[PDB]
Amino acid sequence: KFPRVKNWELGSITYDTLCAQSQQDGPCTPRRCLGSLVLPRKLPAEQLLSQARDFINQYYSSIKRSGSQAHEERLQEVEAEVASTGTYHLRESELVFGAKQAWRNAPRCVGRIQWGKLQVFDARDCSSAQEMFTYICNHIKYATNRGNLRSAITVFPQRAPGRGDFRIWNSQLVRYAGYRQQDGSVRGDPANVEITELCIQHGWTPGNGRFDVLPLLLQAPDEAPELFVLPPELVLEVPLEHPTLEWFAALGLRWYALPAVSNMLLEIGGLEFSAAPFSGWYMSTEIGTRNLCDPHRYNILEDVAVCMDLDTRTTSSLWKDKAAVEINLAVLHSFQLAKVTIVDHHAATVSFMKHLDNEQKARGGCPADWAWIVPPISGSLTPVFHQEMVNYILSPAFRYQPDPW
Amino acid sequence: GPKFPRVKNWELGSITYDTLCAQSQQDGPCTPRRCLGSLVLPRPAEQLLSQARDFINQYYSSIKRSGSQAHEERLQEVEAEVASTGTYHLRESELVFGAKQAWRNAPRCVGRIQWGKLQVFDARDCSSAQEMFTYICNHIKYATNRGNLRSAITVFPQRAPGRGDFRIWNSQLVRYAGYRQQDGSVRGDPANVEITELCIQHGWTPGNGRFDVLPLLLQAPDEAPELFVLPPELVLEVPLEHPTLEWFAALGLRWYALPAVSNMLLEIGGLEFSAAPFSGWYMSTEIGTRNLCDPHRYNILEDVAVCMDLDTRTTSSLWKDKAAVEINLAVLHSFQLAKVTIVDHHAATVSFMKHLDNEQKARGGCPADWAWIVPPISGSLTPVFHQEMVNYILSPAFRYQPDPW
Ligand code: HEM
Ligand code: HEM
Ligand SMILES: Cc1ccnc(CCc2cccc([C@@H](N)Cc3cc(C)cc(N)n3)c2)c1
Ligand SMILES: Cc1ccnc(CCc2cccc([C@@H](N)Cc3cc(C)cc(N)n3)c2)c1
Ligand SMILES: C[C@H](O)[C@H](O)[C@H]1CNc2nc(N)[nH]c(=O)c2N1
Ligand SMILES: C[C@H](O)[C@H](O)[C@H]1CNc2nc(N)[nH]c(=O)c2N1
Ligand SMILES: [Zn+2]
């Protein structure tokens, strides 16, 4: 049947008909809803062939040349290549279309209003970890752009049956080290403890600060990873200050400008690209609320609350809430002052509402994961909290893959 | 591992498996193709008897007499009764057990650490609207208990073939009028425009303020609903003031102490109690964030922000967030001053985490609706944000039912 989708603030109804074009299973079945799960529950030629055709059809429809002779000849080439070789290759303009669609289709992304504006770097001619580094360095320079951040993706060579994958070991191109103490505690980012240790063990000389940038561990097929230190001028960073609380700068806090995810797999027409790092710009609550305030990250709420002189002995003073708001305010202010692109969670969710409306007219629906779209502070103050959403998997798609160690 | 849903906590790293979802004998809204967990509305003798047997088996396990001779005799008495009459009647202790189990089972309730402490008033002897009113007045006096609130449910007679239902038309026992204005705005609570107008059609003389307490519209089998005014000394209210912002008291805001939901159906062993009003106490975010700041409710955020002198022309000031926090704090402060029971969203969520642990040991799971359990401000600052949840329908249950008009 066809899901009814209601906005509770406005009373308006739509029906998602694009859901029918989904060829997958999500985590849920008749007897129990598993939507809150962060991981879905299980991480031949016919198969590949139908996924290939479907993707070729999406491409030629996108340029309004469906049924053309180009369309039919491309179907024939893909067929002939799969029948002899068990695999095929995309043309560059197909890869570009496919990367944009993968982003468009990502149900957890609030930034999708930007989906048509994505710079795609073809790095499928890469043959060594050394060459991976030069492409990664050029992507960072392009995407950073002295703070006028531009969305980008760099695509390395596809998985092939005979062989190991191209992989970037790091989860993002820029991450801070986390150093485990003999006494349990961590200095830096507890999220990166394991990658930190891998880096030491492949020969990195560690620092001892709270904000030490990690090197990259880059792996070409069936070779041990190699270590590459990013040149410090490539990594733009922003020191955090508050616009009225003078002591805030004293905390010595800072964050990197460029959020660039490097561990997800890109699937397009049945082909899998195991290294395809992509970047955009931050929404302030990622840094302000999750990276700095989560109890298992930098966990700085109590410090800020004491500096603000609040009553910490009791939850009903709403000390955590007042502190979180000021930290988010510091991130926005600080990024604005440094002229580095950032979006607050109100403007981001307003732009996502407009995206749902464009997609309803364009495609008859939009996949969206409510738990990840609604921000982690001030949920019900944003329009997306009051919006029902339907989550489903379309292809092309970004997916999780196993850590390569 | 096991064949049951894996449930992870991402803050602590801990994992459980829910085995309770096995006893869901009834499907939710989701299928393998699509997740519908943010949808708010979820659309025979042998049929009753399987539900009744199921519920009697639950009762007898709960008192540890399963397989007993008393258990077998009750099962037979229930079949005998259904057999001759089409229906059956619950013993007093079975109704008590059933009503607690329905609370315990409710996936959207964050207050369930309290489930075992529910005073059940048995009003199955009621024969008129006048008498429903007396029983509701007694329920309000008992639960309110001058500010020291006590959880309670009153159970009116069950649905019965042919004969009309008992129904309270109001959605809660205490509610504020909403009066549609000529220009098209609403004075009072816009949630309550329909019930307000029905009260007017049925002979109530309406006030014209922002916090006018509504009369109850109470319906006995096969009769026009009758109108009853609550004596105002029964309805405890709390005027709002802020602990440091002296002007906040001047806004003349207030809320009622008792949250008492009156339009849900209580289903136990296939029997349906169409009127069974229940009450607890407030979590502060319900008043402070949803009822006072939702755009479609009292919508007071801009007026507070203007009094705090905030920059309301730009989203990146975080003016919404800072005003919402102060409104929440005024709520907590004011309830505390007045000695009326209230819980903040940090205490509430921490207690719900404890409930989840208790239920893991008692029953091997707990059904929970993540989007409703995570509070509407400060989400990721509560431990429930980081906890995966499995949603499913167990019975006894509270269910929605269509409006009686
Ligand atoms: C341009 C600015 C962008 C913004 C502000 C943005 C915002 C976000 C946010 C806030 C999340 C939530 C992730 C988290 O909480 O961990 C996210 C998830 C995601 N975004 Fe974006 N996004 C942007 C660009 C991109 C780009 C360029 C791509 C790919 C081309 C992308 C693909 C995704 C994907 C795949 C996820 C899902 C991760 C998961 O499933 O775990 N987004 N986005
Ligand atoms: C003791 C204090 C209580 C607290 C703090 C509390 C808290 C809450 C809250 C915040 C919600 C979400 C409400 C909303 O967003 O509209 C809720 C839902 C609910 N609670 Fe409670 N609760 C309490 C007692 C009760 C009692 C006594 C019952 C029944 C005996 C009950 C049954 C429910 C049900 C059935 C729902 C779900 C409503 C739905 O599906 O729309 N709770 N609870
Ligand atoms: C559980 C798990 C396993 C594997 N990977 C992940 C997260 C992958 C991820 C993808 C997109 C964005 C983010 C965000 N955390 C980082 C980010 C990236 C971009 C491009 C923009 C932006 N504003 N923020 C993270 C989680
Ligand atoms: C769509 C629809 C149709 C019919 N009813 C509903 C909601 C019914 C409801 C149930 C429980 C709690 C609340 C809450 N809104 C009110 C409440 C009640 C209690 C007992 C405690 C507390 N802290 N807060 C509302 C929705
Ligand atoms: C259990 C829950 O699904 C998990 O904590 C999710 C909740 N929502 C999220 N939303 C975003 N954007 N990012 C996250 O990491 C999470 N974590
Ligand atoms: C669309 C979405 O399901 C809806 O707005 C929900 C979200 N979570 C909520 N959670 C609570 N506790 N109460 C609500 O009214 C809602 N509204
Ligand atoms: Zn689901």
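So for chain A, numbering is Swiss-Prot's, and the shown residues are 69-111, 121-482, in order.
Placed from the backbone N, Cα and C atoms, the Cβ positions cover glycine too.
The following features are taken from Swiss-Prot:
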- A:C96, A:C101: Zn(2+) binding site (BINDING)
- A:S104, A:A448, A:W449, A:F462: (6R)-L-erythro-5,6,7,8-tetrahydrobiopterin binding site (BINDING)
- A:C186, A:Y477: heme b binding site (BINDING)
- A:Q249, A:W358, A:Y359, A:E363, A:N368: L-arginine binding site (BINDING)
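What Swiss-Prot annotates, mapped onto the structure for a quick look.
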| residue | record | Cβ contacts under 8 Å, 6 or more apart |
| --- | --- | --- |
| A:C96 | Zn(2+) binding site | A:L102, A:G103 |
| A:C101 | Zn(2+) binding site | none |
| A:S104 | (6R)-L-erythro-5,6,7,8-tetrahydrobiopterin binding site | A:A448 |
| A:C186 | heme b binding site | A:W180 |
| A:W358 | L-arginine binding site | A:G188, A:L226, A:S228, A:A334, A:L335, A:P336, A:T418, A:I419, A:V420 |
| A:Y359 | L-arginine binding site | A:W332, A:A334, A:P336, A:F412, A:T418, A:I419, A:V420 |
| A:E363 | L-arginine binding site | A:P336 |
| A:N368 | L-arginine binding site | A:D266, A:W332, A:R374, A:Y375 |
| A:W449 | (6R)-L-erythro-5,6,7,8-tetrahydrobiopterin binding site | A:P184, A:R185, A:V187 |
| A:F462 | (6R)-L-erythro-5,6,7,8-tetrahydrobiopterin binding site | A:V451, A:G456 |
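Straight-line distance linking the Cα atoms of A:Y477 (heme b binding site) and A:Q249 (L-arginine binding site), rounded to a whole number, equals 13 Å. Distance (Cα-Cα) between A:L111 and A:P121, which enclose 9 unmodelled residues in the deposited structure, is 19 Å. Note: A:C101, A:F462, taken in sequence order from the binding-site residues A:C101, A:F462, A:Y477, have a C-beta within a distance under 8 Å of a chain B C-beta. Among the binding-site residues A:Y359, A:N368, A:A448, the residues whose Cβ lies under 6 Å from any atom of ligand 3 are, in sequence order, A:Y359. Excluding A:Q249, A:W358, A:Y359, A:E363, A:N368, which define the L-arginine site, the same chain contributes A:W332, A:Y333, A:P336, A:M360, A:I364 within 8 Å (Cβ to the Cβ centroid), listed in sequence order. Among the residues A:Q249, A:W358, A:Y359, A:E363, A:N368 said to bind L-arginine, no two Cα atoms are farther apart than 15 Å. The Cβ of A:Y477 has fewer other Cβ atoms within 10 Å than any other of the binding-site residues A:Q249, A:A448, A:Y477. Checked against ligand 7, the binding-site residues A:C101, A:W358, A:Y359, A:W449 give A:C101 in sequence order as having a Cβ less than 6 Å away from one of its atoms.
For ligand 5, the neighbouring binding-site residues among A:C101, A:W358, A:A448 are A:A448, by Cβ distance under 6 Å. For ligand 1, the nearby binding-site residues are A:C186; that is, of A:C186, A:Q249, A:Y477, these have a C-beta under 6 Å from one of its atoms. Under the three-state DSSP scheme, A:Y359 (L-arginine binding site) falls in the strand class. Maximum C-alpha to C-alpha distance over the listed (6R)-L-erythro-5,6,7,8-tetrahydrobiopterin-binding residues A:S104, A:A448, A:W449, A:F462 is 15 Å. When secondary structure is read from DSSP and collapsed to three states, A:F462 ((6R)-L-erythro-5,6,7,8-tetrahydrobiopterin binding site) falls in the helix class.
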